[PDB]
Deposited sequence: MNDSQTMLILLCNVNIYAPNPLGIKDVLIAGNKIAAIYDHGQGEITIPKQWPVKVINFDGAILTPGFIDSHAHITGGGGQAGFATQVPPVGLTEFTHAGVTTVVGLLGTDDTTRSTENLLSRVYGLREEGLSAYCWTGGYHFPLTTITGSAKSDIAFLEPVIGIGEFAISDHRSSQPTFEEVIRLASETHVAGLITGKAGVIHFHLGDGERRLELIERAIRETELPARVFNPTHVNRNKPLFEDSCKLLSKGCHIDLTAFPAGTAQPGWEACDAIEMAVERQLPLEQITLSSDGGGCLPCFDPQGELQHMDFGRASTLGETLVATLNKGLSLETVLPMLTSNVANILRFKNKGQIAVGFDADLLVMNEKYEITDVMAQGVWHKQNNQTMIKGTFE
């Protein structure tokens, strides 16, 4: 029903708030206040559903900035094209907002395909956005330019998974890179949208030279450049840590456990960042859901949960790591109503048990999972 009162929840906003009651009205968070020792009087004509959670952890929904919502793959033949990722693979992993992109195969797939799937997910009740462009240069777009795509297509927030330091890249020059960045950046001012360029990094030894040079040589703000897969190898991760002091957000990939290659598992990279006193608000985590992870090995949204369990199991506190999946991502992507359990924000939230497994998932004030039961399924699941 439209009003939902969630009683007795231990809120991580991601900041710890202690035990609270939270009123949801429509798709928004309407109130948060201390859990009174008795009950309240609710006027009878108002339809309100009341649920007592007996102190269970309450969290913002995860914001996954890197999902191949159309499916990725296609890098070892046509038969390796991954089908579309279903609604429940996001929601049951706790992802209430997704940002889709094309990757390596931006030749058989189009931005048309990508944006249609975005709207699909929106009709099914998920919050969804996307990146235009892909790995390659010139860019795959709808209207012919990144600038026009970001200006005129509401869900498109930036340029994404644009490849550098990778054998599958377009070997882009510095001039090409800073022109692209100038286009997302200015379109972001025009629209109020992220206006970032989300870089795919591979294993090339030039690492982040292009980004380091752009920031040094140019007036482009550091935040415009958002590299991902930064834990994929060790030298890269070191450079990415250094990159933090310029102002860049950096994005770890939650690789399926024991597949982090010769780089760092995301949980180890997080622990290292904490030990080292790095600015944790500039670090994010994404799943690479629907992507292939080449030597075939498939990305899925549930690795966010597992990375989080693995960090907690090391003795890191929930408040230290949770912003990496929530408020840190909302910050760089300019999702002003997401990523926080606070009055006026969207009612995107998760409930977890003592083991940190996600039992309940609400998106836009509507339950997609409840008491560990799927409430909402996608059209063809």
What ranges of the deposited sequence are left out of this structure? 1-5, 301-309
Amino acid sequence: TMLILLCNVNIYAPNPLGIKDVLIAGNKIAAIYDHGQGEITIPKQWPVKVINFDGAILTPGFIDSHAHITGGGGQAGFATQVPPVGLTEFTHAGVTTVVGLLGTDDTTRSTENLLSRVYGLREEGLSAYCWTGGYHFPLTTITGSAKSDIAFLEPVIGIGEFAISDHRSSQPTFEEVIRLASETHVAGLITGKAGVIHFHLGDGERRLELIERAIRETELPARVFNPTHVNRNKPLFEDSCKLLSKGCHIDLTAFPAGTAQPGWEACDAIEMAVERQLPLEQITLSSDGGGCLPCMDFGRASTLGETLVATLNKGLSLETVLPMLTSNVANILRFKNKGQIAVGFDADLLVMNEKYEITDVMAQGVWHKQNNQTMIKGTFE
From here on, numbers count along this sequence of modelled residues.
Comparing mean C-alpha B factor in the record for 36-44 and 310-318, the higher one is 36-44
Averaged over C-alpha atoms, is the B-factor higher for 351-359 or for 65-73 in this PDB entry? 351-359
Entry record, C-alpha B-factors for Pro155, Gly291, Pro172, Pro221; the maximum is at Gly291
Using the temperature factors of the C-alpha atoms in this entry, rank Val186 within its chain: lowest, middle or highest third. lowest
Third of the chain's Cα B-factor distribution that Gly299 belongs to, per the entry: highest
Among all modelled residues of this chain, ranked by Cα B factor, put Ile178 in the bottom, middle or top third, i.e. lowest, middle or highest. lowest
Assigned third (lowest, middle, highest) for the C-alpha B factor of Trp131: lowest
What third of its chain, lowest, middle or highest, does the C-alpha temperature factor of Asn337 fall into? middle
